[PDB]
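Let me begin by presenting the structure, written as structure tokens, before commenting on it.
Atom set for the values below is all heavy atoms of this structure, side chains included, hydrogens, waters and symmetry mates excluded. Starting from 1, each residue takes its place in the sequence as its number.
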Amino acid sequence: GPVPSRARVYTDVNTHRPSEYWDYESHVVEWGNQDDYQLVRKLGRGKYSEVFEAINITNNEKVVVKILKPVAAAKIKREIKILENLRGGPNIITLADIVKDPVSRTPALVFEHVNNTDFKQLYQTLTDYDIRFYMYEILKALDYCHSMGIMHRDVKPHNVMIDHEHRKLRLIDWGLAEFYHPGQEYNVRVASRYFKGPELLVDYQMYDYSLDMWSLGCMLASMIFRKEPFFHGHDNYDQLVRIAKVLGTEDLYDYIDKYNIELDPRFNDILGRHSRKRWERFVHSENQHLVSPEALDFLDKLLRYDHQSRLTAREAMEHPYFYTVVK
Ligand SMILES: Nc1ncnc2c1ncn2[C@@H]1O[C@H](COP(=O)(O)OP(=O)(O)O)[C@@H](O)[C@H]1O
Ligand SMILES: N#CCc1c[nH]c2cc(Cl)c(Br)cc12
């Protein structure tokens with residue numbers, strides 16, 4: 001069958017921590033007062049929650065309330081435990097309270113509000129320097145959650161909240177996050193389609209923190225090349241074909257061979273044969289202002305099929321692409 005895999009960093013974090021740290025099912029939830037929050041307006045409804053702008057009437061501060069839908073409040077203790085474990089960490093969203101919603105009768109997570117700069121505005125106007133600056137801020141959040149034994153599993157631009165005036169960034173939406181335990185087989189139905197790593201697309205379940213580094217590389221590629229999304233698959237199968245048209249099919253088959261993966265036979269008629277493209281093939285007059293040899297080298301080190309070969313978050317922080325960022 002498939003060959004096992006382990007992370008090359010933070011392998012022992014959850015064994016050295018007490019069981020209370022990762023055994024989320026044993027966690028007793030400390031319920032707050034739902035009356036402390038007045039809902040103001042609905043911000044959105046995803047597959048798992050309804051999100052509201054609200055006011056914490058005990059300090060008149062803006063908060064965000066995520067009311068879990070019936071279907072998947074089941075995995076609430078996992079999200080609560082992760083948010084409580086990461087609280088106060090660099091650029092991690094702060095969970096302010098946990099209350100029982102009087103209407104849904106489900107848990108409602110209360111978060112610190114971020115006066116987020118409009119998404120399109122960020123994509124369209126962040127400069128080369130700002131991309132480097134904010135990528136460095138995301139890396140601080142990812143190295144912190146990985147060092148704490150957690151993988152985010154849904155890194156994508158809509159999960160990264162930037163208040164551009166205050167040069168503030170927060171990593172949000174921890175509903176898919178999981179504790180990393182070496183040798184554990186995880187569900188591959190995580191991350192958004194365009195940010196899914198090859199390990200998910202080839203159905204390799206023994207993945208780790210490095211999935212987040214692939215997702216981060218997709219974000220960076222879309223930003224610097226002005227191509228949203230960078231890998232534009234029509235579905236999960238075509239997503240792998242879009243990746244292979246850039247990274248090549250030979251390194252894909254070497255990856256499959258190394259881990260002894262059984263590739264879905266559906267791929268035999270659609271993968272074709274492709275040679276890796278040099279990153280300069282994506283440069284043009286409209287993205288030249290965002291591209292540099294250092295950005296391309298950095299990107300090349302994130303976007304690798306072999307999950308064990310990608311830069312870790314802490315190694316990425318050392319890269320020359322960040323030498324210009326004020327520290
Ligand atoms: N702390 C926050 N401050 C401001 N807006 C937030 C906050 N948390 C979530 N949102 C907004 O609420 C919606 C739901 O967020 P969530 O479901 O947690 O993540 P996402 O929808 O980005 O995957 C999004 O539209 C997001 O912009
Ligand atoms: N894509 C896009 C826009 C955007 C949203 N959230 C981000 C976080 C970072 Cl780190 C960067 Br760089 C860009 C974005």
Side-chain angles (χ1 to χ4, degrees), residues 10 13-14 17 20-27 29-32 43-54 63-69 71-99 101 106-114 116 137-163 168-181 184 186-192 195-197 200 207-216 219 313:
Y10 308 130
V13 172
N14 291 320
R17 295 226 157 234
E20 298 57 65
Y21 181 84
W22 49 260
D23 181 19
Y24 57 84
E25 289 153 64
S26 297
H27 181 73
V29 182
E30 288 288 272
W31 304 97
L43 298 173
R45 185 197 275 152
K47 286 186 176 181
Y48 293 101
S49 62
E50 215 153 286
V51 175
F52 297 85
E53 187 186 45
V63 294
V64 172
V65 180
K66 178 185 193 170
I67 302 171
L68 279 289
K69 289 179 196 281
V71 175
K75 64 190 198 290
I76 55 102
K77 281 190 186 197
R78 181 180 72 185
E79 187 175 352
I80 287 161
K81 198 71 181 78
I82 286 171
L83 286 162
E84 286 178 328
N85 287 349
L86 302 176
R87 187 191 278 147
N91 300 336
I92 302 306
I93 200 68
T94 295
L95 174 69
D97 209 356
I98 308 146
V99 302
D101 181 77
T106 66
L109 295 185
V110 185
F111 297 95
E112 71 182 323
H113 177 261
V114 177
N116 54 301
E137 291 305 307
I138 296 165
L139 287 169
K140 287 179 188 179
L142 292 176
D143 187 46
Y144 186 67
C145 71
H146 298 167
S147 74
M148 293 291 283
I150 290 146
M151 46 193 169
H152 184 276
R153 319 196 291 178
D154 204 16
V155 171
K156 59 183 183 171
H158 279 90
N159 286 343
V160 185
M161 295 286 104
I162 296 176
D163 177 350
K168 180 180 170 173
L169 180 145
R170 295 292 180 266
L171 183 54
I172 63 156
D173 185 21
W174 296 81
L176 277 185
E178 191 47 288
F179 289 95
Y180 177 64
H181 298 289
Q184 186 160 143
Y186 290 99
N187 192 330
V188 300
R189 291 196 112 185
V190 304
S192 297
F195 303 91
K196 284 182 191 269
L200 308 181
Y207 64 78
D208 58 67
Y209 317 111
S210 60
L211 168 62
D212 295 332
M213 300 306 295
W214 175 276
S215 301
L216 187 64
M219 283 186 43

request  = Salt-bridge test for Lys81 and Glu84: reply yes if a basic N is under 4.0 Å from a carboxylate O, no otherwise.
outcome  = no

key: Atom of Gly175, atom of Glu79 and distance for their closest heavy-atom approach   = CA-OE1, 3.4 Å

remark   = Closest heavy-atom pair, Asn85 versus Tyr144, reported as atoms and distance to 0.1 Å, is O-OH, 4.5 Å

query = Under 3.5 Å, side chain of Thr106 to main-chain N/O of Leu68, donor-acceptor pair present?
reply = yes

task = Under the side chain to side chain contact (heavy atoms under 4.5 Å, CB included) rule, what do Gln184 and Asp208 come out as? Steps first, then yes or no, please.
result = CA-CA 9 Å; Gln184 186 160 143; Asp208 58 67; over 6 Å; no

inquiry  = Taking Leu176's backbone N and O only, do any of them form a donor-acceptor pair with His152's side chain (distance below 3.5 Å, no angle check)?
reply    = no

Aromatic plane relationship, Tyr209 with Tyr10 - under 30° parallel, 30 to 60° tilted, over 60° perpendicular = perpendicular

request  = Starting at CZ of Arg170, measure out to CD1 of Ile172 and round the result to the nearest 0.5 Å.
outcome  = 12.0 Å

request  = Calculate, to the nearest 0.5 Å, the distance between atoms CD and NE2 belonging to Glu53 and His113 respectively.
outcome  = 5.0 Å

query = Looking at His146 and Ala313, what are the two nearest heavy atoms and their distance?
reply = ND1-CB, 4.4 Å

request  = State, to 0.1 Å, how close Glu178 and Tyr24 come at their nearest heavy-atom pair, and which atoms those are.
outcome  = OE1-CE2, 4.1 Å

key: Worked verdict on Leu211 versus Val190 for side chain to side chain contact (heavy atoms under 4.5 Å, CB included)   = CA-CA 10 Å; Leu211 168 62; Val190 304; 3.9 Å; yes

query = Between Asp173 and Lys156, is there a salt bridge with N-O shorter than 4.0 Å?
reply = no

message = Once ring pair (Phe, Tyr, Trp, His ring centres under 6.0 Å) is applied, do any residues pair with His27, and if so which ones, sequence neighbours excluded?
response = none

By side-chain contact (heavy atoms from CB on, under 4.5 Å) - contacts of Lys75 (at least two apart) = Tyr48, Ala72, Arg78

inquiry  = To the closest 0.5 Å, what do you measure between CZ (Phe195) and CG (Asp212)?
reply    = 12.5 Å

query = Looking at side-chain heavy atoms only, is the closest gap between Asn91 and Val160 below 4.5 Å?
reply = no

task = Could you grab the distance from atom CG of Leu86 to atom OG of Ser147, nearest 0.5 Å is fine?
result = 8.5 Å

query = Mind checking what makes side-chain contact (heavy atoms from CB on, under 4.5 Å) contact with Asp23, not counting sequence neighbours?
reply = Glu25, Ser26

request  = Would you mind telling me which of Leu83, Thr94, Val51, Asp97 makes a side chain to side chain contact (heavy atoms under 4.5 Å, CB included) with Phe111?
outcome  = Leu83

request  = For residues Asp154 and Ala191, report the shortest heavy-atom separation together with the two atoms involved.
outcome  = OD1-CA, 3.6 Å

ask   = After noting the C-alpha distance and the side-chain angles of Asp163 and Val114, does the key distance pass the side chain to side chain contact (heavy atoms under 4.5 Å, CB included) rule?
value = CA-CA 7 Å; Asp163 177 350; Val114 177; 4.2 Å; yes

ask   = Hey, what do you get for OH (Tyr180) to OH (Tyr207), rounding to the nearest 0.5 Å?
value = 11.5 Å

ask   = What's the spacing between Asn14 CG and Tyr21 OH if we round to 0.5 Å?
value = 6.5 Å

task = Kindly check if the number of other-residue, nucleotide or ligand heavy atoms within 6.0 Å of CZ (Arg45) is above 12?
result = no

query = Do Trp31 and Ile98 have side-chain heavy atoms sitting under 4.5 Å apart?
reply = yes

request  = Begin with the C-alpha distance, continue with both residues' side-chain angles, and end with the deciding distance and a verdict on side chain to side chain contact (heavy atoms under 4.5 Å, CB included) for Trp174 and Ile92.
outcome  = CA-CA 10 Å; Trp174 296 81; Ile92 302 306; 3.8 Å; yes

